[PDB]
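Notes for the one structure printed next.
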Ligand SMILES: Cc1cc2nc3c(=O)[nH]c(=O)nc-3n(C[C@H](O)[C@H](O)[C@H](O)COP(=O)(O)OP(=O)(O)OC[C@H]3O[C@@H](n4cnc5c(N)ncnc54)[C@H](O)[C@@H]3O)c2cc1C
Ligand SMILES: *[C@@H]1O[C@H](CO)[C@@H](O)[C@H](O)[C@H]1NC(C)=O
Ligand SMILES: [Cl-]
């Protein structure tokens, strides 16, 4: 209301998290400009065949460990969102042959245990690498080293197990992922190995709404945010920054002045031309932006007239060992979450996401049907009534689903990604110190960014030291 003025570009988890922390400090002259018509960003539900499923984030990841994941108390106590712990203990019983049914439980268990031990060997190696990343390598290189091969898992069952362990977590092959920064993963080290599937008709986005309503005016009857400080359908296109202040222009031609700007748009948006920076960001910052990876994670949802797949103990997750790596390979069924719904979830990432997002929904369903018939021959498997293909990469406001730490990026270079430039500050999961790629990472990153700025506005400490 009176004092420094901060524009916050974007109202996903990090934007809302940041504005909250700024408000708490007494910086209340905030203007949040959100490109879409709602808050929540990559936490977003949608109606699929009469129920509400998540287009974006779906799990609270990292529960039951030595430290409390900040997102978990919100989900499980405050809002009591309907959720289920994901059990992956039975995958060995649930691996399907490209043509002809499941593999022998015993056989798959060996391959799984084998992969697990290579990764444990990777964890030990990781623990010994220098903080500068000087002697870091790709997850694949580590695998090659342990396996004494010129290649990583290269066999239908081994590859889907590989894909399940790594691609299904990070959305890119182990080939491009940094060992030192993903194995082991600070999320699981710090907050615990368990993951909980949010299945509540309110949406995982409730967390963002709840945090938003802590400091933004909401209607007493309705509940809707009515705070003039939050502005929806406001697409930032240009940011002008001087040593004296900043200017933010939106697509509808409005121009706003501020003391500071908090950019919360995804790494992908930063990698696009959507937002122009005048003057252009320095080389150090630009290299940092283009060297990090914005991955794609596609949650394809399907609706059926009847069910034809197993149900019961250990049946929730199952794999398809295609000879074609990452081809419709990780499957989920929702007996618990959406009982009597007849919905399957197949996940695809990276190269297959970009191919699939570009192709017609029909064609995609045709491919999926062909796969499903091979997996369950002699069951009578009906065409899917309905298909949902989330197109995050295509979307100009996201251009992907979450960041991934690539090989060749060290801690210094990652810190350059987060570093402010003048009065322009950065936030988002991709700025998270140890939790990039996650809801909690975005949440904690809003707090961290906000505090760097508060330390400038109030405390007058403005030179930020990259580390
Ligand atoms: C498909 C999917 C699956 C995932 N699964 C998990 C999971 O299960 N568990 C979990 O922990 N994490 C998961 N995540 C990651 C998690 O959702 C994100 O890390 C986190 O929500 C990102 O929040 P953010 O604030 O950093 O970015 P965003 O949510 O993208 O917020 C940025 C906001 O800025 C807006 N915008 C962008 N451009 C502009 C512009 N120029 N003008 C104004 N506004 C702009 C956008 O609309 C957006 O609302 C997943 C992500 C996706 C999408
Ligand atoms: C979540 O909430 C339930 C029901 O209130 C509680 O009994 C359970 O212990 C909680 N789960 C975790 C992992 O904290
Ligand atoms: Cl072997």
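Residues displayed in chain A correspond, in order, to Swiss-Prot positions 30-496.
We read in the header that X-ray crystallography, 2.9 Å was used to get this structure.
Backbone N, Cα and C atoms are what each Cβ position is placed from, and that goes for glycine too.
Among the candidates 466, 475, the residue that Swiss-Prot annotates alongside 90, 198 as binding substrate is 466. When 119, 238, 427 are compared with the FAD site residues 42, 43, 63, 71, 87, 88, 265, 458, 467, 468 in Swiss-Prot, the one appearing in that site is 427.
Within 10 Å of residue 90 (substrate binding site), judged by CA to CA distance, lie the following recorded positions from the set 63, 265, 468, 491: 468. Under the three-state DSSP scheme, residue 491 (disulfide bond) falls in the coil class. When the recorded positions 105, 198, 485 are checked against ligand 1, none has a Cβ within less than 6 Å of one of its atoms. Checking the binding-site residues 63, 87, 458 for a CB within less than 6 Å of any atom of ligand 2 leaves no residue at all. Look at residue 466 (substrate binding site): DSSP puts it in coil. Between the CA atoms of residue 485 (disulfide bond) and residue 458 (FAD binding site) there is a gap of 22 Å, rounded to the nearest whole number. Distance noted between the C-alpha atoms of residue 87 (FAD binding site) and residue 198 (substrate binding site) is 13 Å.
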